[PDB]
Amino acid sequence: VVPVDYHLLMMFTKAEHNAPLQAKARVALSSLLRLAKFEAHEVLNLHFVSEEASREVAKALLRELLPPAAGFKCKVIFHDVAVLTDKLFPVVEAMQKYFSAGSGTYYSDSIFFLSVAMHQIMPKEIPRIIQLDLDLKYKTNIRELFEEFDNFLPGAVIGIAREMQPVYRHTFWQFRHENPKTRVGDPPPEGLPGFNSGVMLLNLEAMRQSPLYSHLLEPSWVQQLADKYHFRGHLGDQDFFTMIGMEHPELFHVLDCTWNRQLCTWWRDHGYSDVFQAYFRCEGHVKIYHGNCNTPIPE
């Protein structure tokens, strides 16, 4: 049997003496592994981006959870946050001033853009990868998410779920003001509410092979679009994808909300009580919960 690889990537940094992060990672990784099922020839590759202290914390957590109940093959890989930061920076520098907390351009923010240049960072042998937050709880076999790659329409490079709060309604205020009739920042099903980065299907091949996507990474394109949209953010990759998602929705396969059911309600209590429901509504059988903004996940 020719072995078939599946690749996941999670950020796991500054985890030493950070108990809330470790407990989050524990909830994510146990549900993931408890519920995952893979055929005998298949291998689940778990990529962690970590400085050396967090690598050790991750190893201690992983040993307690591996091998997985289901008995499938699993490989753990660590990538140095510092090595990735230096590889990312040339590509990512120019977008940092628009999407980082706050300004200007710091190395410490570069890693929050890893997904945007993932196709240039991972070895070419990896054709696809799913990048996942650690404040998640899995309610299904992660293997099922991979089939959504098959639903990418021509030109689509990334699979991503919508943002479930009106944060982008707020961020795009001036563009909305100047364009009363825009769908930019509006709720679904017909509005463009932007994206959440907690669950992302990164088709590295399609990213590498897309002329449009490559252009959008260029400093002058980043700058032209940020100017056009009067866009400032501090959520990194999420903000960049949201923005180029306004201009070029063909790039994105929108995942159903049940693949990244966000629980954060912070924006409800900060000016958006009326419209909040229209953003936050998600129905159907939930596959992944996302306890964003430190929101306890139900049990």
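Superpose the two forms; the largest set of C-alphas matching within 1.5 Å is the rigid core. The first residue of the shown sequence is 1; numbering continues from there.
Comparing 93 to 101 and 118 to 126 where Cα RMS over structures and residues is taken in 8 other deposited structures of this protein (core fit), larger one: Larger mean C-alpha displacement, comparing 93 to 101 and 118 to 126 in 8 other deposited structures of this protein, is found in 93 to 101.
Stretch departing more from the displayed form, 106 to 114 or 141 to 149, Cα RMS in 8 other deposited structures of this protein (core fit): If we average over structures and residues in 8 other deposited structures of this protein, the farther stretch is 106 to 114.
Check: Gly71 without coordinates in a third or more of other entries: Per the records, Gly71 goes unmodelled in at least a third of the other entries.
5 to 13 versus 273 to 281 - which carries the larger mean C-alpha B factor in the record: Stretch with the greater average CA B-factor: 273 to 281.
Residue range whose averaged C-alpha B-factor is higher in the record, 82 to 90 or 225 to 233: Result of the comparison: 225 to 233.
Criterion, highest CA B-factor; candidates, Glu163, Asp109, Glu147, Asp135: If I rank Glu163, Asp109, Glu147, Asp135 by C-alpha B-factor, first place goes to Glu147.
Criterion, highest CA B-factor; candidates, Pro154, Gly159, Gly198, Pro127: Of the candidates given, the C-alpha B-factor peaks at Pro154.
Ranked against its chain, the third holding the CA B-factor of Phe240: It falls in the bottom third of the chain.
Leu33 - which third its CA temperature factor falls in, relative to the rest of the chain: It falls in the top third of the chain.
Record-listed C-alpha B factor of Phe72: chain third: Highest third of the chain for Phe72's C-alpha B-factor.
Position of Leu21 among the chain's modelled residues by C-alpha B-factor, lowest, middle or highest third: Lowest third.
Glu247 - which third its CA temperature factor falls in, relative to the rest of the chain: Tercile = middle for this residue's CA B-factor.
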